[PDB]
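Enquirer: Need the 3D shape of this:
(chains A, B, C, D, E and F, ligands or ions: 6)
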Amino acid sequence: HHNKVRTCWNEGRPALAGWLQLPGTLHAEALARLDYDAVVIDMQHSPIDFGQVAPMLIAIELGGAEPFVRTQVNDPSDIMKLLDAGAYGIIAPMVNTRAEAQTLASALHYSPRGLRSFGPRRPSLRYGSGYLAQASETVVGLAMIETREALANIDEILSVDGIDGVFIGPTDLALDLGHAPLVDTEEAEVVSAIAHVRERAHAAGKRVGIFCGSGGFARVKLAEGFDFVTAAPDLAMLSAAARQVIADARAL
Amino acid sequence: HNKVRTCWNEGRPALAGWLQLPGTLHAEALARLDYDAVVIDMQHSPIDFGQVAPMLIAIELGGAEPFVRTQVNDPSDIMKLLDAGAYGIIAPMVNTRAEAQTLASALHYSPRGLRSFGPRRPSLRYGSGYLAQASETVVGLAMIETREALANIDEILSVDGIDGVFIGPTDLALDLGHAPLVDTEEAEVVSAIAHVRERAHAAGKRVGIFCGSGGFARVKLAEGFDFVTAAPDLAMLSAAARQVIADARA
Amino acid sequence: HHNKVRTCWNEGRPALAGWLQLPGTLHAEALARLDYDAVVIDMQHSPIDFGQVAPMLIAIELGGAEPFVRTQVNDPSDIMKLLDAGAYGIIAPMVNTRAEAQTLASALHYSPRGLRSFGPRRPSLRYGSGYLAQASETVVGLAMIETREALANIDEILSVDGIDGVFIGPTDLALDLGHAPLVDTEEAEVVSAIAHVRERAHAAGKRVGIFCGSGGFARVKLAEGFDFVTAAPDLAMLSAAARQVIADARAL
Amino acid sequence: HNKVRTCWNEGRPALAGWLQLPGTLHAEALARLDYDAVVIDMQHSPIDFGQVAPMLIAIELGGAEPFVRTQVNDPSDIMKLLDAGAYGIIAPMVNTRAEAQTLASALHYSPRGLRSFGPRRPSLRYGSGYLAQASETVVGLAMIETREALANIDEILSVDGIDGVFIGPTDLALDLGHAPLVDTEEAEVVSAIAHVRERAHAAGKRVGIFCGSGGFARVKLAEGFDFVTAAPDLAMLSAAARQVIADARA
Amino acid sequence: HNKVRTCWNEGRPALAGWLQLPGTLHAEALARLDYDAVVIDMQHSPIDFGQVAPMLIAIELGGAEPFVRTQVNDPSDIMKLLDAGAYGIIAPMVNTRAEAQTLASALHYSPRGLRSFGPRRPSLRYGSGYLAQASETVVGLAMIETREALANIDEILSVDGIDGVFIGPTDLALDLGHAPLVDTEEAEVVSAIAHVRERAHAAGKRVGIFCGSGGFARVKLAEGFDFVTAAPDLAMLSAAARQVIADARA
Amino acid sequence: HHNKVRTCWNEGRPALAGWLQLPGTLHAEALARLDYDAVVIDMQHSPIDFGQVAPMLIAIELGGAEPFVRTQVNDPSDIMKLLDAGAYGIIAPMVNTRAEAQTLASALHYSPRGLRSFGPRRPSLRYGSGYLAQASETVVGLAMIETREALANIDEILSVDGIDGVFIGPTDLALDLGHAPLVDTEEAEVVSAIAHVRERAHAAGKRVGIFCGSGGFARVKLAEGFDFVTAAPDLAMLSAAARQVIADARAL
Ligand SMILES: [Mg+2]
Ligand SMILES: [Mg+2]
Ligand SMILES: [Mg+2]
Ligand SMILES: [Mg+2]
Ligand SMILES: [Mg+2]
Ligand SMILES: [Mg+2]
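Expert: Numbering: from 1, shown residues only, chains lettered A, B, ... in the order given. Ligands and ions are numbered 1, 2, ... in the order given. Below is the structure:
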């Protein structure tokens, strides 16, 4: 009867999250049982549709981790349907303006605080009769910052009461600033942009998250005071592991 | 051409992946690494027929030979996988000559076996001359994972219509009264594994083995195993995630 | 070769409809074979995606009931794809303005009456060569009224020629008015709002539907002159039935 | 712990749900009611392996022990369900001691049976010490639904590796030449059902029964049945919908 | 009523479609053409149980009798398809009287067979009086596709609980040592096919045959075949696409 | 390592494409192996959802043909998710204005040329390390012209740099102009409209495609200089073939 990421935050500690681009329940449960506070299912840069995300949310919850979704788009009706299927954290792409941040906030909260439609199929099963009283606290909402425009509008995005804060996509931010879309990019202008967003989030009393492609990059981001750190995509970790196993099998 | 059979014909072993996670994306990505084949496990996984079918397509596009470790040595199940573009079969619990003959029966059209004719995907890969070459397009391995199979190894290896045997060493360890540890050092299990390899090669047959690590796979290749699997997608992914979390949390 | 809800209406009788939040064809056919005129598949407050709705529409039609969908969102392209898969009734959420009611109407009718795209895969199989001539009559469209704004705009929503009328969500209307989201809410302000919408729909020569959580509430709504009454969600009926079976099994 | 086995160890019977409708949402909701277990029917339903797999997860999250009534007493099918987190098995058409031995063979690792080792989901629930306790994590019941099974009840009950028997009373009614009515009052069927219960308890074994109603389930619990199912999701939902329509239409 | 059985009772043969492509849309569209039945092939296709279930619904809505050609003559597989609204069964590799008896056992409730009782979809179509008429709602055909089946034709035809036999002429051609060509002119295959038809009609039983073309189907109907399939969705679609491309490219 | 449609165009030859409304991989691979340059999966006038399109794209690529998708809607996030699943051609419906053509272009190209989000799961596997350098060339984008409005705005639609050109839906264009939605319509006003669009596309140095319901109509469109010709829908070809087989089986 608590959001595990929110419990971390209430203790003044960051949350470490997994990141799934591969559909299915077995790896979802296994990774949820490791020392992850949450597991983010990526519905943007993956082949995971609604049909496949639904049982994965169940598997992550059984594993003991908070099920999160990175959506395809900041669409209120998509986000509401994931909340009612037991997604307890939302990362919405391409939040570039206050109005887009208000669109995300609108989907996370029942009236009067937003316009979330009422039919909480799975949250009512998890939280029971006392769900509606605490519904807003059961859900974490992060607006993605991955453009020049979002960078320019960061203080107006952070002024929106109904979002917990922001989630940095460093590779898309690198690409939008005219740099190589490198995994864990340390391009100086992108590093400055990322530090600026982190500073503005904490100045506004808001949370800041970041996508990492490695444990090493995630350690530095945790040391820099990021509230929500993801590492690393199941597909990238599996491909790296398989390459290494093959190299060791084939070695002289 | 069957890429495993090409390895063997060029005097080289095959290195194979091993999938317990359903889905096409990791299947294609691992197929594109330096694997000759990728085995889809339909026994110790939740992969049903519905999920295996597009995975075989994804492995083939990746450039690796799609293999299936079946739930059971059942001829009709094996025939449906062959017609869906499974070009290698590893059948569990082949403990007798008669069970090895049941496996062979499913891999070959009449007169050599009783494979039913309707090759939906092989006829697309191989074209109208598929029948003449059908037996050579498929690799069949009988699993050795019991004391009984170990006792009957010579009679299993006498069946002309299987390429040879595939050692399941965790089940073999368990059936011998030892811990079911992958890549075991247990003296009796190591002796039994070497024995099966020696008997397979003495009978002019191929021998494969399931491995949990690249380091163990290297030794098995050096010992002369024809078909070496390393390592299950789920085991590799869990180990990689544990390590990433340890690096993140210092 | 008739919409069964439209046949009820042409005889001056209301239609009684089922309501499915559980995916699958077996309960869909079984409930379609009961004394329901239609069966609504809920794609908003359920885990039912397009992949799962498609065979359910087939099952409801075989059962003898009119297949309806309550969509996730009033999106024309979503609604058109359901019509071409054999959805013969559409209930669109969050129709708060005339322009939003015009967006719903646009999806239900071929040019010149709307902008429905032509490729009627399943309706052409049901209706045969005479489909295009009667296509608009084969489909029932209802705009959902579940906000203060929709209540304020009810006469402008009802002025849209291409919708059959409106569908009241009483629980969301209760929540949006600052009341408890109760099943079959009788909160006085919500009861007044609901009676107002019914009066305005019938004054405009339009149909009014309502969601019910019970047979008892549905009987009253039919007695009040509602044209389209749903009762009750498969999940709620199944959970209530299971609770009662367990209570009888465990009794002294 | 296996929640049915905990009931039994604390001298209480288990009350179970029964699912013929595929999907996770009703499975979790019913699991969260006062059911000790929820049986997924893979025989008299359209539930295939693809659909059962996430349902077992949903029941476990709900707090109930996930059970499966299989299509057939097939060892390889049963082993794949155990490795997907089925913690109870009800196998149809167990008519002989040999068929009861086939069921037991699938539930236990060597030396006690021939269960293949690769416990994907049980190793996640139970951790690295799963092998030592694997047999106790699983409840196995042989179905009694024929005159033959009734005649062979003592020989079926002599098999040490099954917890006991599960009466399918509609099929038993049909095979005795009576109407296949659930919760039957047919004198001969009631006598046969009481006989099976008496013989199971005399052999120190558990007895279960399929029920169509809460009222019949109450009597079966009062008679000393260890495992009582009431009632199928489809039958409960159809009855509830008929009643709602009758109330709506006056 | 079973629409194939209605044809037969009115002294007419049935013409059937044949589906190797999964999905409901083509299944309903072809069901609405002048086919009496539509066979879903679960052997030489990637159609699993998950995909067959909604296809049976789609064919029934179309107005044609839904049939399944199973992967194997397995009673439990056949019973699950009957309870999902398969109203015709074509079982492969029926080579002996005992195998024909195994098919009959699955199609009939006790006392006539051992069909398990839980008719989910037939009870919705036929209502509470389904048991009394269940056997007549289902058409059962044993496949003849081997020299052995040909040799045992009289003993196969002696089994009262099958409507008759279904010739698989490509497999029969292959097992006789000929090219597995559909609609073959091979003298010995044509003689064997006529022989099976003559023996089926002499025993008061029905005979069906798989055809690759409308022209061959016309001849088989003129020869007195009771159940004629023409032609597989995949073969018809590929031929149609080749022709469209030839017309487009001049 | 080339888009097969783009290779045709670079040789000054048109591409011939298949058209799939039936879900599944087996017919997709079989048709891909015929003398088609591409195979279009229709996600608008079909029951094919994302879950079903994903393995079909794999099957078409294995067959040797370029996998294309006709989307349900011109939605950037939908189009991006198909590109990352190995859709290498996009046909977007209801492009009626320059701004709508700019919305399509925005989804097909990484920054600076558009705003495509970076996570190319399947294109990175096909193209390897040299993908980002050539990413825009790997993808073909066509705006659908199927309304009066699109016809009126054809030169403004064709002025958008980031689209290869346009795709004519002749049946929807017939319907929107107040004519019968006939397969391969030769309604004089529709034939004039279609010739006008073809002339304007080639005057702007842009490509023009067209949907055909027959090989005979496709031959004429190729002879008229259309760059991209589809013929014919799998469902229509299969139903026609089945009718003919039945007629031959039943003939005296
Ligand atoms: Mg609402
Ligand atoms: Mg055959
Ligand atoms: Mg259109
Ligand atoms: Mg084993
Ligand atoms: Mg039974
Ligand atoms: Mg992005």
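Enquirer: Name the helix or strand for residue A:218, please.
Expert: Here residue A:218, judged by DSSP states H and E, is contained in helix A:215-223.
Enquirer: which residue does the stretch 101-250 of chain A bring closest to ligand 1?
Expert: residue A:117 (3.2 Å; C-beta to the ion). C-beta here means a position set from N, CA and C on the backbone, and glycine is covered the same way.
Enquirer: helix/strand/coil for residue A:39?
Expert: Of the three states, residue A:39 takes strand under DSSP: H, G, I helix; E, B strand; the rest coil.
Enquirer: Which of the helices or strands spans the residue lying closest to it once chain neighbours are set aside?
Expert: Spatial nearest neighbour of residue A:39, excluding adjacent residues (C-beta to C-beta, 6 or more residues apart in numbering or on different chains): residue A:18 at 4.0 Å. Assigned by DSSP H and E, residue A:18 belongs to strand A:15-20.
Enquirer: Show me what whichever helix or strand comes after that strand is in contact with.
Expert: Counting by DSSP H and E, the element after strand A:15-20 in chain order, helix or strand, is helix A:26-32. Contact with helix A:26-32 is made by A:18, A:20, A:39, A:41, A:56, A:59-65, A:234, B:20-22, B:45-46, B:233-234, B:237-238, B:241, D:57, D:120-121, D:124, as judged by C-beta atoms under 8 Å, 6 or more residues apart in numbering or on different chains.
Enquirer: which of the residues you listed count as buried?
Expert: Among those, those buried by neighbour count (16 or more other C-beta atoms under 10 Å in any protein chain shown) are A:18, A:20, A:39, A:41, A:56, A:59-63, A:65, A:234, B:20-22, B:45-46, B:233-234, B:237-238, B:241, D:57, D:120-121, D:124.
Enquirer: Secondary structure element for the residue of the stretch 101-250 of chain A closest to ligand 1, which one?
Expert: Assignment of secondary structure by DSSP H and E places residue A:117 within no helix or strand.
Enquirer: wait, doesn't it sit right on residue A:80?
Expert: Yes. Judged on C-beta atoms under 8 Å, residue A:117 makes contact with residue A:80 at a distance of 5.3 Å.
Enquirer: The host helix or strand of residue A:242 - contacts with which helices or strands?
Expert: Assessed by DSSP H and E, residue A:242 sits inside helix A:234-250. Contacts defined by 3 or more C-beta pairs under 8 Å, 6 or more residues apart in numbering or on different chains; DSSP states H and E place helix A:234-250 against strand A:15-20, strand B:14-19, helix B:25-31, helix B:214-223, strand B:227-232, helix B:233-249.
Enquirer: Pipe these into a markdown table and attach distance to ligand 5 per row.
Expert: Shown next, in a markdown table, are those (distance: least, C-beta to the ion, whole Å):
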| stretch | distance to ligand 5 |
| --- | --- |
| strand A:15-20 | 40 |
| strand B:14-19 | 35 |
| helix B:25-31 | 38 |
| helix B:214-223 | 47 |
| strand B:227-232 | 37 |
| helix B:233-249 | 36 |
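Enquirer: I'd say the residue nearest to residue A:39 and residue A:237 touch.
Expert: No. Look at residue A:18 against residue A:237 with C-beta under 8 Å: they stay out of range, at 9.3 Å.
Enquirer: Correct me if wrong: residue A:173 contacts residue A:149.
Expert: No. Counting by C-beta under 8 Å, residue A:173 stays clear of residue A:149, with 11.1 Å between them.
Enquirer: Output the helix holding residue A:242 as PDB, restricted to C-alpha atoms.
Expert: The C-alpha trace of helix A:234-250 is given here as PDB (Å, rounded to 0.1, in the frame of the first residue of the first chain):
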ATOM      1  CA  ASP A 234      17.100  -5.300 -21.100                       C
ATOM      2  CA  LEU A 235      17.900  -5.500 -24.900                       C
ATOM      3  CA  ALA A 236      21.300  -3.600 -24.600                       C
ATOM      4  CA  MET A 237      22.300  -5.600 -21.400                       C
ATOM      5  CA  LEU A 238      21.300  -9.000 -23.100                       C
ATOM      6  CA  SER A 239      23.200  -8.200 -26.400                       C
ATOM      7  CA  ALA A 240      26.400  -7.000 -24.500                       C
ATOM      8  CA  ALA A 241      26.200 -10.200 -22.300                       C
ATOM      9  CA  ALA A 242      25.700 -12.500 -25.400                       C
ATOM     10  CA  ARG A 243      28.700 -10.800 -27.300                       C
ATOM     11  CA  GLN A 244      31.000 -11.400 -24.200                       C
ATOM     12  CA  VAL A 245      29.800 -15.100 -23.800                       C
ATOM     13  CA  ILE A 246      30.600 -15.700 -27.600                       C
ATOM     14  CA  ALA A 247      34.000 -13.900 -27.300                       C
ATOM     15  CA  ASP A 248      34.900 -16.100 -24.200                       C
ATOM     16  CA  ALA A 249      33.600 -19.300 -26.000                       C
ATOM     17  CA  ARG A 250      35.600 -18.500 -29.200                       C
END
